[PDB]
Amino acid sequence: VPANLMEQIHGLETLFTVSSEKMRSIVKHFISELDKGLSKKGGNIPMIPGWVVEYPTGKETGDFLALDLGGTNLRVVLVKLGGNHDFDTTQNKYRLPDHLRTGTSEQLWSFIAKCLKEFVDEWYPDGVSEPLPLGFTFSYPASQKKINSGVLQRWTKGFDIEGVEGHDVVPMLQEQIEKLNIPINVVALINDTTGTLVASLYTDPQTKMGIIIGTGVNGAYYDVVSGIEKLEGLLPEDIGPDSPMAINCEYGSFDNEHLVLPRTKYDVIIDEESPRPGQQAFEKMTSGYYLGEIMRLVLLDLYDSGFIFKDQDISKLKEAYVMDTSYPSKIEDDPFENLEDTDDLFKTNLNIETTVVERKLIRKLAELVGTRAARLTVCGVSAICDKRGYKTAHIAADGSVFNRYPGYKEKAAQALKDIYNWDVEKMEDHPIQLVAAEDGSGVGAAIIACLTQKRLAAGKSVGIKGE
């Protein structure tokens, strides 16, 4: 590598390296923001009560349903809990008819009830011993004052179904179920990350957090009612001050004030050019969705400063979001020093021929961007653990970045070791460690339906007093 590109590589390292000291300072601020979101005044982190007020014991048994409404497919899941932190599952995916996304409320709920009937008649052709409790993962902006409710705030993902916004979807679905005489009760409506937490806690009793690291980012954990100022004066007597309370953090909005995250000029460009400038600061700094875009902007800056691709037509590189997450992924997986996979990637998809030294810079840039994202993500993990005093923990993780991004598990484990300065040799022995989660939107909704029914059947509250 010439002196010129070496100097530029040192510049990249200065841009993107996050020190252990910086991570610790981010964590302290993150803790303050978690506390702020639970306060009466609130803050940028929503810290949404999830209305799960008990831990699964792992001894639960029985048959429970989950529903998840996608943009393309409805997923219906049957979960049979085995009573020893174990379960069996089966599922069907039903393609949404083309018209449904822009149709009516009646059409939506009638379609979903018809699929549930088909599913129940397949698996229980002779009927059921008692009605099947159902948890509904409803992945649209919604709020709830009790778990067996969800008021749609606004449709997203190309949906525009008339007569649903501002209404509680749970009775809408239940009415269609009852019209078809299907033995189901819809007892819970959840965010998928809450499901990731609860399903993983049922199978792994050391789970302290559910975390999604993908296109979107989120984390869920259990707090305690006495630590939630914003619920003071709103709770019934049977949700007491020592009660657990699952929290869906929605922490992608952490540090919208831009006080601690180490944003570069490239991150500022991404934010300025995004659909919502000034929003989702932590998501923009940690989501896989932006990793290729960060690289694209750095490479354009290097080109404009005269350092790289000097005799190339870089037209294709000028298109925002042309480099998705597969770019840094394939680049980091490239096995040999001459970076042949990177060469093919640039030539084939961008029409850019590169030198080996240029590919070395691109590889270092990919490593820096993947590593920064992992190090910032684990600041959320450390903040939850430190807030709650978890000295050891399993952090149940899911999402395309955790599952597929090269070396992510090693990057995250090293980040936690750096934060805590642990004297520990093996990754498997780290006091706080990421482990693969159970299925939150299916299995987790079904398990939350089980926990909810325990309280419902006893006449115990699962929401605000009077709701």
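Rigid core here is just the name for the largest C-alpha set that superposes within 1.5 Å across the two forms. Residue positions are given as counts along the sequence shown, with the first one as 1.
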Quick one: core-superposed, which stretch strays further from the shown model in 8 other deposited structures of this protein, 233-241 or 90-98? Go by RMS C-alpha distance.
90-98
Stretch 17-25 versus stretch 445-453: after rigid core alignment, which one is farther off in C-alpha RMS in 8 other deposited structures of this protein?
445-453
Which of 316-324 and 123-131 has higher mean CA B factor, as the PDB entry lists it
123-131
Do the C-alpha atoms of 217-225 or of 107-115 have the higher average B factor in the entry?
107-115
Tell me which of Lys208, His99, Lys145, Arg263 tops the list for C-alpha B factor in the record.
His99
Among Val186, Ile395, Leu152, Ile239, single out the one with the highest C-alpha B factor in the record, please.
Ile239
Considering only modelled residues of the same chain, in which third does the CA B-factor of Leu416 rank: lowest, middle or highest?
lowest
Tell me, lowest, middle or highest third: where does the Cα B factor of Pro431 rank within its chain?
middle
Select lowest, middle or highest to describe the third in which the CA B-factor of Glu165 falls within its chain in this entry.
highest
So, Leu197's CA B-factor, relative to its chain, sits in which third? The lowest
CA B-factor ranking of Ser382, expressed as a third of its chain:
lowest
